[PDB]
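Text of the file target11.pdb, holding PDB, N, CA and C atoms:
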ATOM      1  N   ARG A   1      22.502  22.037  21.735  1.00  0.00           N
ATOM      2  CA  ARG A   1      21.791  21.783  20.434  1.00  0.00           C
ATOM      3  C   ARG A   1      22.954  21.833  19.455  1.00  0.00           C
ATOM      4  N   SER A   2      23.930  21.030  19.771  1.00  0.00           N
ATOM      5  CA  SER A   2      25.160  20.961  18.940  1.00  0.00           C
ATOM      6  C   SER A   2      25.459  19.503  18.552  1.00  0.00           C
ATOM      7  N   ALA A   3      26.468  19.259  17.748  1.00  0.00           N
ATOM      8  CA  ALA A   3      26.825  17.856  17.323  1.00  0.00           C
ATOM      9  C   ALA A   3      26.995  16.857  18.485  1.00  0.00           C
ATOM     10  N   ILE A   4      27.117  15.590  18.159  1.00  0.00           N
ATOM     11  CA  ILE A   4      27.281  14.536  19.209  1.00  0.00           C
ATOM     12  C   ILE A   4      28.685  13.921  19.177  1.00  0.00           C
ATOM     13  N   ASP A   5      28.944  13.175  18.146  1.00  0.00           N
ATOM     14  CA  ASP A   5      30.260  12.499  17.968  1.00  0.00           C
ATOM     15  C   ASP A   5      30.607  12.434  16.475  1.00  0.00           C
ATOM     16  N   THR A   6      30.883  11.233  16.041  1.00  0.00           N
ATOM     17  CA  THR A   6      31.260  10.823  14.646  1.00  0.00           C
ATOM     18  C   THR A   6      30.607  11.636  13.499  1.00  0.00           C
ATOM     19  N   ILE A   7      29.477  12.206  13.795  1.00  0.00           N
ATOM     20  CA  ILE A   7      28.698  13.021  12.839  1.00  0.00           C
ATOM     21  C   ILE A   7      29.484  14.251  12.297  1.00  0.00           C
ATOM     22  N   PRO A   8      29.013  14.828  11.207  1.00  0.00           N
ATOM     23  CA  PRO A   8      29.390  16.177  10.660  1.00  0.00           C
ATOM     24  C   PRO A   8      29.574  17.285  11.704  1.00  0.00           C
ATOM     25  N   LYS A   9      30.578  17.132  12.513  1.00  0.00           N
ATOM     26  CA  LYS A   9      30.962  18.074  13.619  1.00  0.00           C
ATOM     27  C   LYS A   9      30.402  19.512  13.550  1.00  0.00           C
ATOM     28  N   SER A  10      29.109  19.587  13.682  1.00  0.00           N
ATOM     29  CA  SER A  10      28.401  20.891  13.649  1.00  0.00           C
ATOM     30  C   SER A  10      27.210  20.896  14.626  1.00  0.00           C
ATOM     31  N   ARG A  11      26.023  20.729  14.106  1.00  0.00           N
ATOM     32  CA  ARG A  11      24.797  20.722  14.929  1.00  0.00           C
ATOM     33  C   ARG A  11      23.828  19.574  14.654  1.00  0.00           C
ATOM     34  N   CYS A  12      24.328  18.491  14.138  1.00  0.00           N
ATOM     35  CA  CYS A  12      23.419  17.349  13.855  1.00  0.00           C
ATOM     36  C   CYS A  12      23.624  16.325  14.978  1.00  0.00           C
ATOM     37  N   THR A  13      22.534  15.778  15.434  1.00  0.00           N
ATOM     38  CA  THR A  13      22.572  14.776  16.517  1.00  0.00           C
ATOM     39  C   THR A  13      21.377  13.864  16.430  1.00  0.00           C
ATOM     40  N   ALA A  14      21.500  12.644  16.879  1.00  0.00           N
ATOM     41  CA  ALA A  14      20.313  11.740  16.808  1.00  0.00           C
ATOM     42  C   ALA A  14      19.254  12.315  17.769  1.00  0.00           C
ATOM     43  N   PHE A  15      19.673  13.265  18.566  1.00  0.00           N
ATOM     44  CA  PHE A  15      18.768  13.916  19.531  1.00  0.00           C
ATOM     45  C   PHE A  15      17.979  14.989  18.779  1.00  0.00           C
ATOM     46  N   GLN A  16      18.222  15.080  17.491  1.00  0.00           N
ATOM     47  CA  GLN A  16      17.527  16.065  16.607  1.00  0.00           C
ATOM     48  C   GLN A  16      17.418  15.561  15.155  1.00  0.00           C
ATOM     49  N   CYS A  17      18.569  15.457  14.520  1.00  0.00           N
ATOM     50  CA  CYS A  17      18.728  14.996  13.081  1.00  0.00           C
ATOM     51  C   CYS A  17      17.656  14.033  12.651  1.00  0.00           C
ATOM     52  N   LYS A  18      17.451  13.137  13.568  1.00  0.00           N
ATOM     53  CA  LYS A  18      16.440  12.075  13.356  1.00  0.00           C
ATOM     54  C   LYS A  18      16.188  11.218  14.598  1.00  0.00           C
ATOM     55  N   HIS A  19      15.547  11.776  15.589  1.00  0.00           N
ATOM     56  CA  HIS A  19      15.234  11.037  16.855  1.00  0.00           C
ATOM     57  C   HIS A  19      15.043   9.507  16.686  1.00  0.00           C
ATOM     58  N   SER A  20      13.845   9.131  16.325  1.00  0.00           N
ATOM     59  CA  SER A  20      13.537   7.693  16.133  1.00  0.00           C
ATOM     60  C   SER A  20      14.128   7.180  14.810  1.00  0.00           C
ATOM     61  N   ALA A  21      15.406   6.950  14.895  1.00  0.00           N
ATOM     62  CA  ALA A  21      16.210   6.440  13.750  1.00  0.00           C
ATOM     63  C   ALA A  21      17.654   6.284  14.160  1.00  0.00           C
ATOM     64  N   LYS A  22      18.042   6.816  15.284  1.00  0.00           N
ATOM     65  CA  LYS A  22      19.476   6.649  15.686  1.00  0.00           C
ATOM     66  C   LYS A  22      19.938   5.179  15.715  1.00  0.00           C
ATOM     67  N   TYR A  23      18.983   4.302  15.801  1.00  0.00           N
ATOM     68  CA  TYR A  23      19.277   2.833  15.847  1.00  0.00           C
ATOM     69  C   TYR A  23      19.133   2.229  14.431  1.00  0.00           C
ATOM     70  N   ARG A  24      18.898   3.110  13.501  1.00  0.00           N
ATOM     71  CA  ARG A  24      18.731   2.790  12.069  1.00  0.00           C
ATOM     72  C   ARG A  24      19.947   3.311  11.323  1.00  0.00           C
ATOM     73  N   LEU A  25      20.338   4.540  11.566  1.00  0.00           N
ATOM     74  CA  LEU A  25      21.538   5.039  10.855  1.00  0.00           C
ATOM     75  C   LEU A  25      22.598   4.636  11.877  1.00  0.00           C
ATOM     76  N   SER A  26      22.712   5.425  12.905  1.00  0.00           N
ATOM     77  CA  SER A  26      23.677   5.200  14.023  1.00  0.00           C
ATOM     78  C   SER A  26      23.507   6.359  14.989  1.00  0.00           C
ATOM     79  N   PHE A  27      23.415   7.524  14.398  1.00  0.00           N
ATOM     80  CA  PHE A  27      23.256   8.775  15.185  1.00  0.00           C
ATOM     81  C   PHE A  27      22.684   9.950  14.380  1.00  0.00           C
ATOM     82  N   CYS A  28      23.478  10.330  13.425  1.00  0.00           N
ATOM     83  CA  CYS A  28      23.155  11.463  12.511  1.00  0.00           C
ATOM     84  C   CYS A  28      22.889  10.972  11.086  1.00  0.00           C
ATOM     85  N   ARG A  29      22.142  11.760  10.346  1.00  0.00           N
ATOM     86  CA  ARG A  29      21.791  11.424   8.931  1.00  0.00           C
ATOM     87  C   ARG A  29      20.972  12.476   8.144  1.00  0.00           C
ATOM     88  N   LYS A  30      19.668  12.399   8.203  1.00  0.00           N
ATOM     89  CA  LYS A  30      18.790  13.386   7.450  1.00  0.00           C
ATOM     90  C   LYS A  30      19.257  14.865   7.442  1.00  0.00           C
ATOM     91  N   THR A  31      19.691  15.286   8.587  1.00  0.00           N
ATOM     92  CA  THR A  31      20.196  16.684   8.865  1.00  0.00           C
ATOM     93  C   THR A  31      21.715  16.725   8.987  1.00  0.00           C
ATOM     94  N   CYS A  32      22.196  15.552   8.794  1.00  0.00           N
ATOM     95  CA  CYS A  32      23.628  15.237   8.842  1.00  0.00           C
ATOM     96  C   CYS A  32      24.249  14.819   7.508  1.00  0.00           C
ATOM     97  N   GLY A  33      23.452  14.545   6.510  1.00  0.00           N
ATOM     98  CA  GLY A  33      23.965  14.115   5.166  1.00  0.00           C
ATOM     99  C   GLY A  33      25.135  13.115   5.253  1.00  0.00           C
ATOM    100  N   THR A  34      25.251  12.447   6.367  1.00  0.00           N
ATOM    101  CA  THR A  34      26.356  11.458   6.559  1.00  0.00           C
ATOM    102  C   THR A  34      26.030   9.973   6.346  1.00  0.00           C
ATOM    103  N   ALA A  35      24.857   9.564   6.756  1.00  0.00           N
ATOM    104  CA  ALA A  35      24.430   8.124   6.603  1.00  0.00           C
ATOM    105  C   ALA A  35      23.123   7.899   5.761  1.00  0.00           C
TER     106      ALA A  35
END

This entry written out as structure tokens:
Amino acid sequence: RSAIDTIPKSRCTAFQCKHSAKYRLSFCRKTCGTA
């Protein structure tokens, strides 16, 4: 339950941050403040 890649190297992942949206942002966003 930790980061994935390119994201805010912490605990945000499209596997959490925003499940049905990883193909919309890229991976991380809402809980990632990155995209």

Point (28.8, 25.1, 20.0) neighbourhood (12 Å, only C-alpha atoms) written as a PyMOL selection string | chain A and resi 1-4+9-12

Considering all atoms listed in the file, return as a PDB file with N, CA and C atoms, keeping the file's coordinate frame whatever protein or nucleic-acid residues lie within 8 Å of residue 32 in chain A, sequence-local ones (same chain, fewer than 3 positions apart) excluded.
ATOM      1  N   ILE A   7      29.477  12.206  13.795  1.00  0.00           N
ATOM      2  CA  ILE A   7      28.698  13.021  12.839  1.00  0.00           C
ATOM      3  C   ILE A   7      29.484  14.251  12.297  1.00  0.00           C
ATOM      4  N   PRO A   8      29.013  14.828  11.207  1.00  0.00           N
ATOM      5  CA  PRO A   8      29.390  16.177  10.660  1.00  0.00           C
ATOM      6  C   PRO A   8      29.574  17.285  11.704  1.00  0.00           C
ATOM      7  N   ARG A  11      26.023  20.729  14.106  1.00  0.00           N
ATOM      8  CA  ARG A  11      24.797  20.722  14.929  1.00  0.00           C
ATOM      9  C   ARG A  11      23.828  19.574  14.654  1.00  0.00           C
ATOM     10  N   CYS A  12      24.328  18.491  14.138  1.00  0.00           N
ATOM     11  CA  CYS A  12      23.419  17.349  13.855  1.00  0.00           C
ATOM     12  C   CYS A  12      23.624  16.325  14.978  1.00  0.00           C
ATOM     13  N   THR A  13      22.534  15.778  15.434  1.00  0.00           N
ATOM     14  CA  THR A  13      22.572  14.776  16.517  1.00  0.00           C
ATOM     15  C   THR A  13      21.377  13.864  16.430  1.00  0.00           C
ATOM     16  N   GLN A  16      18.222  15.080  17.491  1.00  0.00           N
ATOM     17  CA  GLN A  16      17.527  16.065  16.607  1.00  0.00           C
ATOM     18  C   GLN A  16      17.418  15.561  15.155  1.00  0.00           C
ATOM     19  N   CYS A  17      18.569  15.457  14.520  1.00  0.00           N
ATOM     20  CA  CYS A  17      18.728  14.996  13.081  1.00  0.00           C
ATOM     21  C   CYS A  17      17.656  14.033  12.651  1.00  0.00           C
ATOM     22  N   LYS A  18      17.451  13.137  13.568  1.00  0.00           N
ATOM     23  CA  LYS A  18      16.440  12.075  13.356  1.00  0.00           C
ATOM     24  C   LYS A  18      16.188  11.218  14.598  1.00  0.00           C
ATOM     25  N   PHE A  27      23.415   7.524  14.398  1.00  0.00           N
ATOM     26  CA  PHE A  27      23.256   8.775  15.185  1.00  0.00           C
ATOM     27  C   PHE A  27      22.684   9.950  14.380  1.00  0.00           C
ATOM     28  N   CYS A  28      23.478  10.330  13.425  1.00  0.00           N
ATOM     29  CA  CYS A  28      23.155  11.463  12.511  1.00  0.00           C
ATOM     30  C   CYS A  28      22.889  10.972  11.086  1.00  0.00           C
ATOM     31  N   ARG A  29      22.142  11.760  10.346  1.00  0.00           N
ATOM     32  CA  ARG A  29      21.791  11.424   8.931  1.00  0.00           C
ATOM     33  C   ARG A  29      20.972  12.476   8.144  1.00  0.00           C
ATOM     34  N   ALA A  35      24.857   9.564   6.756  1.00  0.00           N
ATOM     35  CA  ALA A  35      24.430   8.124   6.603  1.00  0.00           C
ATOM     36  C   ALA A  35      23.123   7.899   5.761  1.00  0.00           C
TER      37      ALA A  35
END

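Atom pair CA of residue 34 in chain A / atom C of residue 20 in chain A has a distance of 15.4 Å (rounded to one decimal).
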
Report the centre and edge lengths, in Å to one decimal, of an axis-aligned box enclosing every atom of range 16-20 of chain A listed in the file, padded by 8 Å on each side, as AutoDock Vina command-line options.
--center_x 16.1 --center_y 11.6 --center_z 15.1 --size_x 21.2 --size_y 24.9 --size_z 20.8

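When CA of residue 5 in chain A is paired with CA of residue 26 in chain A, their separation reads 10.6 Å.
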
For CA of residue 15 in chain A and CA of residue 33 in chain A, determine how far apart the two atoms are, in Å to one decimal place.
-> 15.3 Å

If you keep N, CA and C atoms, can you output range 9-34 of chain A as a PDB file, in the first residue's frame?
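Result file selection01.pdb:
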ATOM      1  N   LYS A   9       6.425   9.819  -4.888  1.00  0.00           N
ATOM      2  CA  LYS A   9       7.139   8.727  -4.144  1.00  0.00           C
ATOM      3  C   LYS A   9       6.812   8.562  -2.643  1.00  0.00           C
ATOM      4  N   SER A  10       5.589   8.181  -2.404  1.00  0.00           N
ATOM      5  CA  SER A  10       5.103   7.965  -1.018  1.00  0.00           C
ATOM      6  C   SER A  10       4.116   6.783  -0.959  1.00  0.00           C
ATOM      7  N   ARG A  11       2.846   7.082  -0.898  1.00  0.00           N
ATOM      8  CA  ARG A  11       1.796   6.046  -0.828  1.00  0.00           C
ATOM      9  C   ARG A  11       0.625   6.233  -1.789  1.00  0.00           C
ATOM     10  N   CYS A  12       0.849   6.927  -2.864  1.00  0.00           N
ATOM     11  CA  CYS A  12      -0.266   7.133  -3.827  1.00  0.00           C
ATOM     12  C   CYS A  12      -0.034   6.164  -4.993  1.00  0.00           C
ATOM     13  N   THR A  13      -1.102   5.559  -5.430  1.00  0.00           N
ATOM     14  CA  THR A  13      -1.036   4.596  -6.546  1.00  0.00           C
ATOM     15  C   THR A  13      -2.357   4.535  -7.266  1.00  0.00           C
ATOM     16  N   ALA A  14      -2.353   4.226  -8.535  1.00  0.00           N
ATOM     17  CA  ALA A  14      -3.663   4.151  -9.249  1.00  0.00           C
ATOM     18  C   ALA A  14      -4.434   2.960  -8.647  1.00  0.00           C
ATOM     19  N   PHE A  15      -3.737   2.176  -7.863  1.00  0.00           N
ATOM     20  CA  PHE A  15      -4.346   1.004  -7.208  1.00  0.00           C
ATOM     21  C   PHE A  15      -5.072   1.496  -5.955  1.00  0.00           C
ATOM     22  N   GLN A  16      -5.045   2.794  -5.751  1.00  0.00           N
ATOM     23  CA  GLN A  16      -5.718   3.439  -4.583  1.00  0.00           C
ATOM     24  C   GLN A  16      -6.157   4.883  -4.895  1.00  0.00           C
ATOM     25  N   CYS A  17      -5.165   5.731  -5.085  1.00  0.00           N
ATOM     26  CA  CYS A  17      -5.333   7.209  -5.394  1.00  0.00           C
ATOM     27  C   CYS A  17      -6.603   7.511  -6.141  1.00  0.00           C
ATOM     28  N   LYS A  18      -6.786   6.655  -7.099  1.00  0.00           N
ATOM     29  CA  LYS A  18      -7.973   6.765  -7.977  1.00  0.00           C
ATOM     30  C   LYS A  18      -8.139   5.577  -8.929  1.00  0.00           C
ATOM     31  N   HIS A  19      -8.501   4.438  -8.405  1.00  0.00           N
ATOM     32  CA  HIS A  19      -8.703   3.206  -9.234  1.00  0.00           C
ATOM     33  C   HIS A  19      -9.161   3.469 -10.693  1.00  0.00           C
ATOM     34  N   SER A  20     -10.448   3.630 -10.853  1.00  0.00           N
ATOM     35  CA  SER A  20     -11.009   3.885 -12.201  1.00  0.00           C
ATOM     36  C   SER A  20     -10.745   5.336 -12.635  1.00  0.00           C
ATOM     37  N   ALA A  21      -9.526   5.515 -13.050  1.00  0.00           N
ATOM     38  CA  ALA A  21      -9.024   6.833 -13.532  1.00  0.00           C
ATOM     39  C   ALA A  21      -7.574   6.718 -13.936  1.00  0.00           C
ATOM     40  N   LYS A  22      -6.917   5.646 -13.597  1.00  0.00           N
ATOM     41  CA  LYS A  22      -5.481   5.539 -14.009  1.00  0.00           C
ATOM     42  C   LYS A  22      -5.260   5.727 -15.522  1.00  0.00           C
ATOM     43  N   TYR A  23      -6.313   5.540 -16.261  1.00  0.00           N
ATOM     44  CA  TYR A  23      -6.252   5.680 -17.751  1.00  0.00           C
ATOM     45  C   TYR A  23      -6.734   7.090 -18.162  1.00  0.00           C
ATOM     46  N   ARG A  24      -6.984   7.877 -17.154  1.00  0.00           N
ATOM     47  CA  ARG A  24      -7.446   9.275 -17.280  1.00  0.00           C
ATOM     48  C   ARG A  24      -6.311  10.189 -16.852  1.00  0.00           C
ATOM     49  N   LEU A  25      -5.693   9.917 -15.726  1.00  0.00           N
ATOM     50  CA  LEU A  25      -4.571  10.795 -15.321  1.00  0.00           C
ATOM     51  C   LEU A  25      -3.427  10.032 -15.984  1.00  0.00           C
ATOM     52  N   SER A  26      -3.013   8.979 -15.344  1.00  0.00           N
ATOM     53  CA  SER A  26      -1.917   8.087 -15.829  1.00  0.00           C
ATOM     54  C   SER A  26      -1.729   7.008 -14.778  1.00  0.00           C
ATOM     55  N   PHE A  27      -1.737   7.467 -13.551  1.00  0.00           N
ATOM     56  CA  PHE A  27      -1.555   6.556 -12.389  1.00  0.00           C
ATOM     57  C   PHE A  27      -2.065   7.132 -11.061  1.00  0.00           C
ATOM     58  N   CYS A  28      -1.399   8.183 -10.688  1.00  0.00           N
ATOM     59  CA  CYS A  28      -1.691   8.915  -9.423  1.00  0.00           C
ATOM     60  C   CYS A  28      -2.275  10.302  -9.703  1.00  0.00           C
ATOM     61  N   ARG A  29      -3.005  10.815  -8.739  1.00  0.00           N
ATOM     62  CA  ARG A  29      -3.645  12.162  -8.856  1.00  0.00           C
ATOM     63  C   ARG A  29      -4.411  12.684  -7.616  1.00  0.00           C
ATOM     64  N   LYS A  30      -5.680  12.387  -7.516  1.00  0.00           N
ATOM     65  CA  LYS A  30      -6.507  12.869  -6.334  1.00  0.00           C
ATOM     66  C   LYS A  30      -5.820  12.836  -4.944  1.00  0.00           C
ATOM     67  N   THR A  31      -5.133  11.761  -4.724  1.00  0.00           N
ATOM     68  CA  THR A  31      -4.371  11.461  -3.452  1.00  0.00           C
ATOM     69  C   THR A  31      -2.867  11.626  -3.639  1.00  0.00           C
ATOM     70  N   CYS A  32      -2.620  12.009  -4.837  1.00  0.00           N
ATOM     71  CA  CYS A  32      -1.269  12.261  -5.353  1.00  0.00           C
ATOM     72  C   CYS A  32      -0.964  13.720  -5.697  1.00  0.00           C
ATOM     73  N   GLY A  33      -1.956  14.569  -5.740  1.00  0.00           N
ATOM     74  CA  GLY A  33      -1.758  16.018  -6.078  1.00  0.00           C
ATOM     75  C   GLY A  33      -0.765  16.243  -7.235  1.00  0.00           C
ATOM     76  N   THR A  34      -0.565  15.234  -8.038  1.00  0.00           N
ATOM     77  CA  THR A  34       0.385  15.343  -9.188  1.00  0.00           C
ATOM     78  C   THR A  34      -0.205  15.620 -10.578  1.00  0.00           C
TER      79      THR A  34
END
